[PDB]
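Peer 1:
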Amino acid sequence: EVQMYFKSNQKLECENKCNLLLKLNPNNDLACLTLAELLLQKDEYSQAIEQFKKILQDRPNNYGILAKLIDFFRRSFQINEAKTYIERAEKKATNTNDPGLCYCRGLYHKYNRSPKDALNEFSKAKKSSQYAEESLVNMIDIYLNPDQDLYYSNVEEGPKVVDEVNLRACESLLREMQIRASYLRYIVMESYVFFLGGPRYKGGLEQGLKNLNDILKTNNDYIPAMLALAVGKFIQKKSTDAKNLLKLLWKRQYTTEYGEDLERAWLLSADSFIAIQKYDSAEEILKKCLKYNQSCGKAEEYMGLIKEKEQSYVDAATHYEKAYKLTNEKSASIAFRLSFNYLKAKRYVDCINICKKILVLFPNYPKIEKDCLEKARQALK
Amino acid sequence: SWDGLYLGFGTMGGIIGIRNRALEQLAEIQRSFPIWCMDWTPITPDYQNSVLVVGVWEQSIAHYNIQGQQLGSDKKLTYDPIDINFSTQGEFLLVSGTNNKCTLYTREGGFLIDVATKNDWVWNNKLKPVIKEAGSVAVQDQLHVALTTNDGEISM
Amino acid sequence: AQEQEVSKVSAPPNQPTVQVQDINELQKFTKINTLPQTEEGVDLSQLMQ
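Residue numbers (the authors' numbering), protein chains in the order written: chain C, 954 to 1334; chain A, 158 to 313; chain F, 50 to 98.
1. Can you name, in chain order, every residue of its own chain whose Cβ lies under 6 Å from the Cβ of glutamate 1143/C, other than the five neighbours on each side?
2. Indicate the three-state DSSP secondary structure (helix, strand or coil) for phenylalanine 190/A in the structure shown.
3. Quick check on this structure: which residue in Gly1150/C, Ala1035/C, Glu1263/C, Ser1286/C has the alpha carbon closest to the alpha carbon of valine 1115/C?
4. Identify which residue in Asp271/A, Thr235/A, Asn281/A, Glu265/A has its Cα closest to the Cα of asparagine 242/A.
5. Evaluate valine 69/F with the Cβ neighbour count: other Cβ atoms within 10 Å of its Cβ, from every protein chain shown; 16 or more gives buried, anything less gives exposed.
6. Taking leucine 228/A as the reference, which of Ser253/A, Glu265/A, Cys259/A, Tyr236/A has the closest Cα?
7. With a threshold of 8 Å between beta carbons, is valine 1118/C in contact with chain F?
8. Quick check on the DSSP output: what are the complete alpha helix (DSSP H) runs of length 4 or more inside the region 994-1024 of chain C, in order along the chain?
9. What in chain C is Cβ-close to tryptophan 280/A, meaning under 7 Å?
10. Got a sec: is the Cβ-Cβ distance from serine 1125/C to anything in chain F below 8 Å?
11. Return the chain-ordered list of same chain residues with a C-beta closer than 6 Å to the C-beta of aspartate 982/C, the five sequence neighbours on each side being excluded.
12. For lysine 283/A, which beta-bridge partners are listed by DSSP?
13. Check for me: the beta strand (DSSP E) holding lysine 1251/C runs from which residue to which?
14. Let me confirm a value: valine 1141/C is counted as buried when at least 16 other C-beta atoms fall within 10 Å, else exposed. Which label applies?
15. So is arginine 1138/C in contact with chain F if we call contact Cβ pairs under 8 Å?
16. Three-state secondary structure (DSSP) at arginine 1153/C?
17. CA-CA distance, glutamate 248/A and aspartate 1303/C?
18. Quick one, which of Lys1310/C, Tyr998/C, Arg1028/C, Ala989/C has its alpha-carbon nearest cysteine 1249/C's?
19. Can you give me the C-alpha to C-alpha distance between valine 296/A and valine 210/A, rounded to a whole angstrom?
20. Going by DSSP, name the residue or residues bridged to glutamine 227/A.
21. Contact between the region 1296-1313 of chain C and the region 1324-1331 of chain C: three or more CB pairs below 8 Å?
22. Does the count of Cβ pairs from the region 1166-1183 of chain C and the region 1082-1099 of chain C closer than 8 Å reach three?
23. Against chain C, with Cβ distances strictly below 8 Å, would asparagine 307/A count as a contact?
24. For the region 159-189 of chain A, which residues have a CB atom closer than 8 Å to at least one CB atom of chain C, in sequence order?
25. Can you tell me the Cβ-Cβ gap for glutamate 1216/C and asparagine 1246/C, rounded? I've got them flagged as a contact below 8 Å.
26. Output yes or no for whether 8 Å exceeds the beta carbon distance between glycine 171/A and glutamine 187/A.
27. Under 7 Å, CB to CB, which of the residues in the region 75-98 of chain F have a partner in chain C?
28. DSSP three-state label for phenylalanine 166/A, please.
29. Mind checking the region 1318-1333 of chain C against chain A and listing, in chain order, the residues whose C-beta falls within less than 8 Å of any C-beta there?
30. Short of 7 Å in beta carbon distance, which residues of its chain neighbour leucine 1239/C, apart from the five on each side in sequence? Order them along the chain.
31. Tell me which residue opens and which closes the beta strand (DSSP E) that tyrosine 262/A is part of.
32. So, helix, strand or coil for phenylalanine 1315/C, using DSSP?
33. Starting from the beta carbon of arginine 1121/C, find every residue of chain F whose beta carbon is closer than 8 Å, and list them in chain order.
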């Protein structure tokens, strides 16, 4: 009945059925998810955070609102009070290994640049009827995209292939979610596996293309289908058709259900704009992405690169520094770019600190000590 | 030097030179890293010998004799030193540099405490000398340090 | 000089290195014996949980 009322798009009687479920089973997941969805419907951005925090204070677990708040805090680079909130919710969670709490912890750890514990928590939380599809999508995204970047980079190559057992794990997760998760997501995710499987079959990409074409024939709205099609046409050296699809992706208005994919598409579109001299549309797309998100990694790196190319060193240095803070002291290329920008801006102390830390981390970089470290060291006094 | 006889200078090219009051090449030592901070150990009735303490930029602190022969200490450090100061009577050693921390050490090299962390490079840190009367009695537990940083703070 | 040598000879690992040998096994073991499961139509991935 709750599913039917959610499909009928009427909040009152659906909320009544959710109240009946709460009176029946306090540990219901679908009712909490529907209540969170209706709360998002009534209030989105005006004061939704305040009421969500109030409801979290009122009810100890409140897993759906907790997950939405975790997503918001990821969007607002404020993960510290997010981890305080998950701790205070876990203190009175009765049982540690609840599916909702485990899923929230896995999502938090995935958003904190840590794939191992996030994968472990997602696998632990998969043992339930609900959250199975989202958790499986999260583990397979982690397996395929560890650094959370654009799938196909026009700068060089674009596909990423790691060992062989990652594909085996992806296949196991696919055969699990073909009986657990939905069908369209199964088609899209098998298409991703085929596209990123490389020359292992030489036929997975074409059958994925046929499946996606059939999907668009049946349903031309499903965002992951067109996103997979655009990725595949990037793979197949198509130029006009790929930009046509990305353009027709752009015209669609922002839907709350499929925001992330849209952002990703925008990023891909932005890359298509940065490969050519058209930097104005690229910076427009980047400013839109930074308006709709505050934790993107590649977008700010591209913005810093554009600003550095336009010899605006202060803003480029700021963007590169924020990007380096986002990926916590692990990347090396953007560290070298930041060091070069600091050297060119007469900030030798910060450049020397960056060079020292990058040399401590990776001792196999002979290019960086003689290029900027020595010059700054001699220019100190 | 505290005896008023010797003089020590360092170069960013790694050359440390020890001369006399006549400015002659008494001793020359060549290194591979820039030279920033040097000092002379204060005279002491227990030790009565003066050595040159120089902090190199390869995360090391070195003790050199008058003839130029190293004493072999070559104590390693986590951070590159910037400034070095010996307390009166040669009891303490105030070390600053990278990590934005001002630390205290014994003359042997034992860590005791860290004075302050400013969150920026400390260019110059100095100790307050004390004057001891003939046969005076005092604990002299109090110590005073003055720090100067890169942003423009002179703290006490 | 003798202290370091004797300590290295004995070196009772108290807390820090009791069993610290953490290396990814979810992918290392799937190299060892998982291929025979994969070519055939057998799903035992639940059973290895």
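Even for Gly, the Cβ is constructed at its ideal location relative to N, Cα and C.
Peer 2: Taking the definition as stated:
1. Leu1127
2. coil
3. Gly1150/C
4. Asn281/A
5. exposed
6. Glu265/A
7. yes
8. 1001-1011
9. Ordered by position in chain C, no residue passes the 7 Å Cβ test against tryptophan 280/A, which lies about 10 Å from the chain.
10. yes
11. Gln1083
12. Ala303/A
13. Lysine 1251/C -> not in any beta strand (DSSP E); alpha helix (DSSP H) instead, spanning 1251-1262.
14. buried
15. no
16. helix
17. 34 Å
18. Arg1028/C
19. 28 Å
20. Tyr221/A
21. yes
22. no
23. yes
24. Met169
25. 6 Å
26. yes
27. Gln76, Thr79, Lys80, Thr83, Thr87, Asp92, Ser94
28. strand
29. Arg1330, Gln1331
30. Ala1223, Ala1252, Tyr1255, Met1256
31. 258-263
32. coil
33. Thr79, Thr83, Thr87
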